[PDB]
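Only the coordinates and a few stated rules stand behind these numbers; no lab work does. Cβ sites come from the backbone with ideal geometry, for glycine too, and all protein chains shown count toward neighbours.
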Amino acid sequence: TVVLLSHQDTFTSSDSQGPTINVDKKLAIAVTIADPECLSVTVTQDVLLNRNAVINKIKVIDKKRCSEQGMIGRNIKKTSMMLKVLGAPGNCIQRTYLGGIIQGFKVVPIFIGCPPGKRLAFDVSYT
Amino acid sequence: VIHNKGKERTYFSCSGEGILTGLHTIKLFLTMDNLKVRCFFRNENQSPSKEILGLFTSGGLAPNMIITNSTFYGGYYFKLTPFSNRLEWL
Amino acid sequence: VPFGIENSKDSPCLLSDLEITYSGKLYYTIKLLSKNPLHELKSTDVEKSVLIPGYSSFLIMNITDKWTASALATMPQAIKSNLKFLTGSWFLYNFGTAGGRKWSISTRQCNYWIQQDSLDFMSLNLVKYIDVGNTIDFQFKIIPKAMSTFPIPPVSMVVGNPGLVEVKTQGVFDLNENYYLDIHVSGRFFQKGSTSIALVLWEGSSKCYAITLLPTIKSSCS
Amino acid sequence: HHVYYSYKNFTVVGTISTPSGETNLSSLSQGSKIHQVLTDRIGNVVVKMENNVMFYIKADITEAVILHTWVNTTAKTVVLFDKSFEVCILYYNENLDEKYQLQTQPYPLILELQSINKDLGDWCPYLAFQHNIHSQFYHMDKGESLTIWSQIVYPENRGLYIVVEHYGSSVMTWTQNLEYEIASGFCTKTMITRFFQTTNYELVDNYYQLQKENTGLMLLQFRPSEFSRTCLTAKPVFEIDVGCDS
Amino acid sequence: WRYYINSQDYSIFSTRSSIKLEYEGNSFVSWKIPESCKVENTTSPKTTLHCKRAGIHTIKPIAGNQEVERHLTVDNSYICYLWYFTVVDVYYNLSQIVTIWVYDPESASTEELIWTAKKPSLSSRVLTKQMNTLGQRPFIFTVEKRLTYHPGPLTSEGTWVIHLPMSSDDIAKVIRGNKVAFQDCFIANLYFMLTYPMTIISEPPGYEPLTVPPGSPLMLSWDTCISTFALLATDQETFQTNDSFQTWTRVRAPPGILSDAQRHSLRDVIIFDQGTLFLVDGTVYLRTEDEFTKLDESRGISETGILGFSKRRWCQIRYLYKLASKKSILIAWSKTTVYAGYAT
Amino acid sequence: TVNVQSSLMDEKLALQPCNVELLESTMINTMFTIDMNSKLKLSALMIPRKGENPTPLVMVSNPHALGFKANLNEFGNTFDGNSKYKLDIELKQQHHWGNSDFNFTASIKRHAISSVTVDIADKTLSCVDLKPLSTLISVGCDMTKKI
Amino acid sequence: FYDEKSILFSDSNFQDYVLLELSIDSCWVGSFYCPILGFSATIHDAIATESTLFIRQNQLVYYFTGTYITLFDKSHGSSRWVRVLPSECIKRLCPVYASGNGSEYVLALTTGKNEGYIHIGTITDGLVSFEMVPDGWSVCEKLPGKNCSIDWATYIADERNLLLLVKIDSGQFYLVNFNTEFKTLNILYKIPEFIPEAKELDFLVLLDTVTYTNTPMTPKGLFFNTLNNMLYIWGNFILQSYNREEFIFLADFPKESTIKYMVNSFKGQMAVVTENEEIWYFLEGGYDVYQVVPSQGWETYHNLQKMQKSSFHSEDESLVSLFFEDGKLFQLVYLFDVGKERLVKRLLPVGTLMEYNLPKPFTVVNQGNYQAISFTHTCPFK
Ligand SMILES: *[C@@H]1O[C@H](CO)[C@@H](O[C@@H]2O[C@H](CO)[C@@H](O[C@@H]3O[C@H](CO[C@@H]4O[C@H](CO)[C@@H](O)[C@H](O)[C@@H]4O)[C@@H](O)[C@H](O[C@@H]4O[C@H](CO)[C@@H](O)[C@H](O)[C@@H]4O)[C@@H]3O)[C@H](O)[C@H]2NC(C)=O)[C@H](O)[C@H]1NC(C)=O
Ligand SMILES: *[C@@H]1O[C@H](CO)[C@@H](O[C@@H]2O[C@H](CO)[C@@H](O[C@@H]3O[C@H](CO)[C@@H](O)[C@H](O)[C@@H]3O)[C@H](O)[C@H]2NC(C)=O)[C@H](O)[C@H]1NC(C)=O
Ligand SMILES: *[C@@H]1O[C@H](CO)[C@@H](O[C@@H]2O[C@H](CO)[C@@H](O)[C@H](O)[C@H]2NC(C)=O)[C@H](O)[C@H]1NC(C)=O
Ligand SMILES: *[C@@H]1O[C@H](CO)[C@@H](O)[C@H](O)[C@H]1NC(C)=O
Ligand SMILES: *[C@@H]1O[C@H](CO)[C@@H](O)[C@H](O)[C@H]1NC(C)=O
């Protein structure tokens, strides 16, 4: 879930035409999928104009595709997905004590396969 | 409890009769006898008023005394009484 | 706040162009391009700073001509060339002592709030007793009424005789930059003594009602 | 020669007046007669004289707006909607190539109106009006109810609210619950309206007659308290019919 | 003077859009534009304008005669591209197949802009396959009944192929996509209406024209639910079209049915899917691909008194289809009597 | 039709903005019954203005018959940074609290009525749509009771 | 290192380093078939893979594998530098930054002899084995022209795909793909001569028909990121591609500058070093390259480090190199301080540099009868 706090006068009266304000004209949240055949990314939008807040919930789902029956690290496929705000990278800096941080931009790597730490054991007590 | 929230005004005037200090602050003293104090809500009228007492009593509100120390916390409630005669809380 | 720039009425020099040339010694000579006379520079403007955002700032101090002046420079390494500014590109500020001193230094307003919702922990001075194997846990919240030093925690804490008390501290920031810290205090072994753990808002100014908190931990019979 | 209006269930009836006040649209068109009037779902109305000068009207607004000249006074044109609801102008002329006789060109009505507004200086009293009425037809049986969520955001003390208007058979009941909030120099007034039936049919006599009395169709619209031109919001109108799907 | 934009959708309108300025007049001098906008060939009456900075820009043609100045509002947007679909309907399977691709109005071909195109251009093909490989897929959503239809994989030529039924109950559809932006630009959702195709009347040779009286303004009548199926009656000929007058067909009457002045004296025209109705000198005639009877007292209409007639203006297709008992689709009047015309 | 909220913006009048951002509860919808030796809990949510500090108070129409204990506690803050305060009111019969005098309680055999109101003590004008919360409470028979 | 067979060997991440003279015999293996070039003792194309490290000296390739008990047996470790590929002349040694399939790889590009072929060397459990992947036939056979030369290559551990850019006798460059699992190569792209021209374009999708400026386009190398399947071709330019089919020309990098090398974060950021020793920064979200090091913000940050009296910053310094550590750009630099000259790894906070870039759109707002300079915000969100 990404919360976008907009400026004081980002949205005007012209943005409301239909049942919902056209937020994507001013403030757009975008997702990019590498290898979209076995990943589904769904974005859900909510807007609070009084609080100047945009709540975006991004759900990433595996498509029961890619990889196969393997032993932990042996079947793992590397991929990633991008989430960004259009026009933000390069322009947006989060200024903190000890420096600035690039914002409006993130790449998350995803490994699809048998995760480490799954083990099957023979239960002698119950047996 | 917000410590640096800011307190720019005082609202009550309490007195022990037995002793006191500029009513700006409220300091009390214990002796052998019981600690009995008369207190009144202070608004733009510095004198005791029988309307403010009536309002707070008709809402069912009465003052509380909170006695604190390094290792102590105690609370004493002023008993609800009709404001027909009482000019201030006791 | 942005700060206020010089007005056109006060100084008409801004209604012209600007040329900076490093002079032979260390004075970057200011030159007004427009030869028009309803401009020029009054002598009121000396002990004033010409600046261009993204470049050095020059303190114009010596008036040698109806259209030029002598100034020093802050960060002179950055120049290295003639520089031409156009009208509203360059601005003038007045921080000199001549005609009064506008700038002043003072203390700031309380910028912090300390929240302790637990009863009997609210009082500023408090003494806690620990028996053998017993533990005292408490939590504080700090709300910054302003920017905050986010990478580092806003509270610094010290212990008096750490030899008889072991302290475990956990700190968490949140979305709004509020800072939550939990302190867990335990005794080391069977001995008595007292120690004072002080929690200080190092960033907070001297104007807040409560900056430091001084709990006292006693290993003894309560 | 004139345009007349009736608004809000015939409670506001009158004649459309130009901002100058001359109220006679033929006078502003150099003797031209009104040739065509177009109305769409958004609520904006285009009046085209046979001289090809156009006037703009807005639903529930009693003032017309003359638009800048766009068409040659001698061209033979009509105005029509294209695939989408935008307006286009069709030109017809004899002595063309039999393939170029009918030429359609778009007309940017919203931008022309925006230019006229920037000249005039009107504004919209609210910035956002939101709802969840995504469909125009609502059918339901006895046990079913529907909830309409709407919201309006306006400046801090500009007293505005949402008006719900019904027309037809009042077989249904309403429950309205609103939440009012103030923040950052704006006021948000959320509203939830639930429509349901409260009639019980068990062990009652006259089942079919009562069922007939609780069967019908009604029309509903939600709109802001006050609005003007410069407000692009499309007023939602829908139907609720109680009765079986068949 | 006036101006033109490549895209009819004005959500797309932004700073990157080009505005085609046209001036018609006897004398012209130049174009006066702000510093925020660049015009090409400022001396030519017909030119192009690019306003790279957002705001309200005042444009005026300097000319000998007085000219008005327009304030164009240009706002930067992250909505830049559009959907394009080509539909082919099969009656045997009672369905219809729509091929979809992304196109950019600033760089699309002319036949794409006027929707004549049936294949993606080179630029549109490159854009479509790029937008695919970033992960963007269009889905068609029916507004009246919440039904979603998903495409197949991208075709060798960049297109997504979708199958729909010819429902005739839900005609309003929206083609949508995921939140994938190519180079900081989205694709705008497209609202359309498609249904059973409507066939226009053809013109057999040797037929006679039908016209409005000379000097009378030409009249128009379009279908209530699906526009672009319209009928234009002019002073010279009567035209009918399935699309928004890109292609038209003359509507003409058989010889000997009615007089020459009677042909030139039609006063009102209405269009339906099954046939068209002409009001000629107070009587009413039905034109169909089959036959051209006049409606008379046998059918329930008066003769030589009919002032006019009208149809429904708003598309209430859902309720009327579900109504289970057909009602009137026409109303005519004669200054004394109101006639409620049903189908047939 | 005078719209007082809009009229309370004339520059000549020069009013001050409302100091509370939100004050809401579901208690306003229904009336409540307190039977003998019974109590109930009421809840409200209030959000103040960014800078102002409003003081909420809870009042009862009949203090002789109804006694309340109210607790105001902060629980998280909104996106703008405004703290949200939860107000919990425990309501029961007056004689059971014990702070009342013998003449104040006035017996317990009789039934009575009251109305509890959550309000802002220092609310300004221009607080038109931010009305106080009110609810009617009957200290009397419970109808669903049956033997 | 200029003329010595010395390397910088560092454990940790250049937090500390030792300078070593390698134990190589520095023998001369020049032959009639092998192209003759001046003997220089320097070490080039140093590669350090897990448990093994390769070097190139004057077209000779050596490797040394360390004894890691926790990784494999001690018998695998090597006692002295072992030269690999004796007969061939290797002009360049190319890295593979990913390990696919529990193995490491290194590419060797040959010149003069067997110019059509390339060597791929697999390092598994400290054992190194090389092979010429084109097998029977060379890539020049399938390309137009009399002969060809493979001027750079990358290997994709997944997909078993080998991307290599090939120069033809005519002078044109082709980006070719060879699938190692099969034995089939197909021409992916044909690099255009001359730099495409873009007036008001920030980026340009290289469609078949575009105008061309008259400055020749010289490609130096290419890099492939497998997390997002993104391909970069760099040189006098930068070309970016998502599906190796259509490429996008980034019009912010000037055609006057040439890129020496490219450094990636594998987390969305990339750095570019040119011959002029100026660093450019690229964020994979945007189509923009920013000049970070020669810039106003860097001058501000350097002056601040002077005021704070930082021990890592000096008036005169020389960039040794730069690299990404857990998403942070660390550059190791030699300070020429008088008396206390020293090589040290410093940090380049690019966020701080961007925050201090100072010419920015601003406007003169009005306050209380006074006007002040308010900078115009550019970030779409607060
Ligand atoms: C839109 O606007 C229209 C009108 O502008 C409104 O329609 C109006 O609705 C009214 C009722 O809702 C109609 O008024 C009448 O109301 C009577 C009920 O009121 C009682 O009347 C008796 C008479 O004996 C009195 O003693 C009582 O004290 C009550 O006042 C109805 O009985 C009446 O129905 C018939 O009226 C005819 C008129 O002659 C009688 O002859 C007959 O015996 C019977 O009483 C009628 O309903 C009013 O006529 C009607 N106007 C029109 C033009 O239809 C809509 O309600 C508005 N809609 C909205 C959404 O605002
Ligand atoms: C309704 O009927 C029409 C025509 O009778 C069907 O059109 C044909 O449908 C197939 C289904 O995919 C189309 O795709 C073909 O699929 C095969 C593999 O299944 C593939 O090898 C072909 O190359 C092709 O892709 C086929 O192209 C299409 N025909 C035309 C002329 O477009 C339609 O699918 C039916 N739909 C339903 C919902 O019944
Ligand atoms: C990927 O690496 C594995 C080893 O980790 C290779 O598997 C070996 O391949 C050789 C050559 O065919 C055989 O002699 C061994 O018996 C294999 N060992 C195992 C455990 O399978 C594998 O070949 C490599 N990838 C592919 C597809 O060849
Ligand atoms: C500079 O100022 C000094 C006094 O501070 C003055 O004597 C001198 O004349 C000035 N310079 C010139 C060039 O006039
Ligand atoms: C009870 O109320 C009466 C009425 O004023 C008062 O005089 C009396 O003091 C009260 N008694 C007690 C015990 O509080």
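Structure notes:
- Flag if B:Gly18 is more than 23 Å from F:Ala106 (Cα to Cα), free of Cβ contacts under 8 Å to residues at least 12 places away in the same chain and small (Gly, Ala, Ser): no
- Of the residues contained in the range E:92-109, one or more are found to be among the aromatic types (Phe, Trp, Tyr), without any contact (Cβ under 8 Å) to a residue 40 or more places away in the chain, away from chain A (no Cβ under 14 Å) and closer than 30 Å to A:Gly87 by Cα.
- Given (1) on the phi < 0 side of the Ramachandran plot; (2) facing chain G (nearest Cβ under 9 Å); (3) touching a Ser or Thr at 6+ places or on another chain (Cβ under 9 Å), number of the condition A:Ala88 does not satisfy: (3)
- Flag for B:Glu88 being among the acidic types (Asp, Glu), exposed (fewer than 11 other Cβ atoms within 10 Å of the Cβ) and either closer than 30 Å to C:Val127 by Cα or away from ligand 2 (no atom under 16 Å from the Cβ) (or both): no
Here's the yes/no breakdown for (1) out of contact with any strand residue (DSSP E or B) (no Cβ under 7 Å at 6 or more places or on another chain); (2) away from chain D (no Cβ under 14 Å):
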position: E:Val284; (1), (2): no, yes
position: E:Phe292; (1), (2): no, yes
position: E:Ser302; (1), (2): yes, yes
position: E:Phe309; (1), (2): no, yes
position: E:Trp314; (1), (2): yes, no
position: E:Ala324; (1), (2): yes, no
position: E:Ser328; (1), (2): no, yes
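- In the range F:3-17, residue farthest from D:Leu160 (Cα to Cα) [restricted to those that are facing chain D (nearest Cβ under 10 Å) and in a loop (DSSP other than H, G, I, E, B)]: F:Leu15
- Residue that is under 29 Å from E:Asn189 (Cβ atoms) and either out of contact with any helix residue (DSSP H, G or I) (no Cβ under 7 Å at 6 or more places or on another chain) or within 16 Å of ligand 4 (Cβ to nearest atom) (or both), where the choices are E:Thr86, E:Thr58: E:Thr86
- Cβ separations smaller than 9 Å between residues 6+ apart or across chains give the following pairs from the range A:1-23 residues that are more than 10 Å from chain D (Cβ to nearest Cβ) to residues that are of a type in the set (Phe, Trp, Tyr): A:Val3/F:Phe79; A:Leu4/G:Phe381; A:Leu5/F:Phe79; A:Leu5/G:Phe381; A:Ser6/G:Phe381; A:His7/G:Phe381; A:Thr10/G:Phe381; A:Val23/A:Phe11.
- Total residues in the range F:60-96, condition in a helix (DSSP H, G or I) and either more than 9 Å from chain B (Cβ to nearest Cβ) or touching a residue at least 40 places away in the same chain (Cβ under 8 Å) (or both): 2
- Whenever a residue of the range D:153-182 is more than 30 Å from F:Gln16 (Cα to Cα) and more than 9 Å from chain F (Cβ to nearest Cβ), its partners that are outside any loop (DSSP other than H, G, I, E, B) and within 13 Å of ligand 1 (Cβ to nearest atom), lying with C-beta atoms within less than 6 angstrom and at least six residues away or across chains, give the pairs D:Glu165/D:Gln221; D:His166/D:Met218; D:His166/D:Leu220; D:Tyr167/D:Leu219; D:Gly168/D:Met218; D:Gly168/D:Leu219; D:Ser169/D:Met218.
- Some residue of the range C:61-80 being more than 14 Å from every other protein chain (Cβ to nearest Cβ), away from ligand 4 (no atom under 16 Å from the Cβ), surrounded by fewer than 15 Cβ atoms within 10 Å (Cβ to Cβ) and touching a residue at least 12 places away in the same chain (Cβ under 8 Å): no
- The range A:1-27, residues that are touching a strand residue (DSSP E or B) at 6+ places or on another chain (Cβ under 9 Å) and farther than 25 Å from D:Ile133 by Cβ: A:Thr1, A:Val2, A:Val3, A:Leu4, A:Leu5, A:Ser6
- Some residue of the range G:309-322 being within 14 Å of chain C (Cβ to nearest Cβ), in a helix (DSSP H, G or I), touching a residue at least 24 places away in the same chain (Cβ under 8 Å) and not aromatic (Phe, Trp, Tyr): no
- Residue within the range D:67-83 that is more than 13 Å from chain E (Cβ to nearest Cβ) and either of a type in the set (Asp, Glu) or away from ligand 5 (no atom under 16 Å from the Cβ) (or both) present: no
- Among the residues making up the range C:168-188, those that are among the hydrophobic types (A, V, I, L, M, F, W, C) and without any contact (Cβ under 8 Å) to a residue 12 or more places away in the chain are C:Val172, C:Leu175.
- The range E:47-80: number of residues that are more than 14 Å from chain A (Cβ to nearest Cβ) and closer than 30 Å to E:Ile187 by Cα: 13
- Matching option when the condition is over 20 Å from G:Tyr155 (Cα atoms), outside any strand (DSSP E or B), of a type outside the set (A, V, I, L, M) and away from chain A (no Cβ under 14 Å), among G:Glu245, G:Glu277: G:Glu277
- Cβ-Cβ contacts under 6 Å between residues 6 or more apart (or on different chains), taken from a first residue in the range B:47-76 that is more than 14 Å from chain F (Cβ to nearest Cβ) to a second residue that is aromatic (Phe, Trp, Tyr), are listed as B:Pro48/B:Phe40.
- Filtered residues of the range G:135-171 (kept if outside any strand (DSSP E or B), within 22 Å of the chain's Cα centre (by Cα) and either more than 14 Å from chain A (Cβ to nearest Cβ) or away from ligand 3 (no atom under 16 Å from the Cβ) (or both)): G:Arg160
- Looking across B:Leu23, B:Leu61, one residue alone is under 26 Å from C:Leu124 (Cα atoms) and either under 13 Å from the mean Cα position of the chain (by Cα) or part of a loop (DSSP other than H, G, I, E, B) (or both). It is B:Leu23.
- On the stretch given as the range G:205-242, residues that are part of a strand (DSSP E or B) and away from chain A (no Cβ under 14 Å) total 13.
- Whenever a residue of the range E:133-146 is within 11 Å of chain A (Cβ to nearest Cβ), its partners that are of a type in the set (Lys, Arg), lying with C-beta atoms within less than 9 angstrom and at least six residues away or across chains, give the pairs E:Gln136/E:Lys179.
Yes or no, residue by residue, for (1) buried (at least 20 other Cβ atoms within 10 Å of the Cβ); (2) more than 16 Å from ligand 2 (Cβ to nearest atom); (3) over 30 Å from E:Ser265 (Cβ atoms):
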{"residue": "E:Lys119", "(1), (2), (3)": "no, no, yes"}
{"residue": "E:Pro151", "(1), (2), (3)": "no, no, yes"}
{"residue": "E:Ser156", "(1), (2), (3)": "no, no, yes"}
{"residue": "E:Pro165", "(1), (2), (3)": "no, no, yes"}
{"residue": "E:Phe186", "(1), (2), (3)": "yes, yes, yes"}
{"residue": "E:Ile201", "(1), (2), (3)": "no, yes, no"}
{"residue": "E:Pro214", "(1), (2), (3)": "no, yes, no"}
{"residue": "E:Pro217", "(1), (2), (3)": "no, yes, no"}
{"residue": "E:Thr224", "(1), (2), (3)": "no, yes, no"}
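- Qualifying residues in the range E:176-230 (those that are within 14 Å of chain A (Cβ to nearest Cβ) and free of Cβ contacts under 8 Å to residues at least 12 places away in the same chain) - the one nearest to the chain's Cα centre (by Cα): E:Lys179
- In summary, strands (runs of 3 or more DSSP E) completely within the range D:125-238 and bearing 3 or more residues that are surrounded by 16 or more Cβ atoms within 10 Å (Cβ to Cβ) occur at D:128-131, D:137-140, D:146-155, D:173-183, D:186-196, D:216-224.
- Residue, farthest from the other protein chains (Cβ to nearest Cβ), within the range F:18-32, restricted to residues that are over 13 Å from the mean Cα position of the chain (by Cα) and surrounded by 16 or more Cβ atoms within 10 Å (Cβ to Cβ): F:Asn19
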